[PDB]
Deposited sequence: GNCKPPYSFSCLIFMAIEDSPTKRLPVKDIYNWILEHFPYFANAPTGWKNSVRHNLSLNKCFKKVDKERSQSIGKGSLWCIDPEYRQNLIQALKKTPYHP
């Protein structure tokens, strides 16, 4: 139960990159976060809301053509480096 130094942008990024189809709906993004980080079981209930806000307004996440989310090809490398610059 560590504290993840990554933002919710990097947690969503790693969950989608670990999927077989490189895409996930908002449900499995929750389940991937709880598994690899049991920290969010003791966190306040609003943690699921903050990842939807990031999923919706971040330039790095788009929907494919309960829909499915994926990584945007333009700002993809912005996320790989955002995970190398995390404190």
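| message | Ranges lacking C-alpha coordinates, please, mapped onto the deposited sequence and listed in sequence order. | response | Going by the record, the segments left unmodelled (no C-alpha atoms) fall at 1, 67-75, 98-100.
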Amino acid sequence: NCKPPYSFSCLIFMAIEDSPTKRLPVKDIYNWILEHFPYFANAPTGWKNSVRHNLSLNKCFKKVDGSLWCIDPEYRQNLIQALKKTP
From here on, numbers count along this sequence of modelled residues.
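| message | Averaging CA B factors per stretch from the PDB record, which one is higher: 23-31 or 39-47? | response | The stretch with the larger average C-alpha B-factor is 39-47.
| Of the two stretches 11-19 and 74-82, which shows the higher Cα B-factor on average in the entry? | On average, C-alpha B-factors are higher across 74-82.
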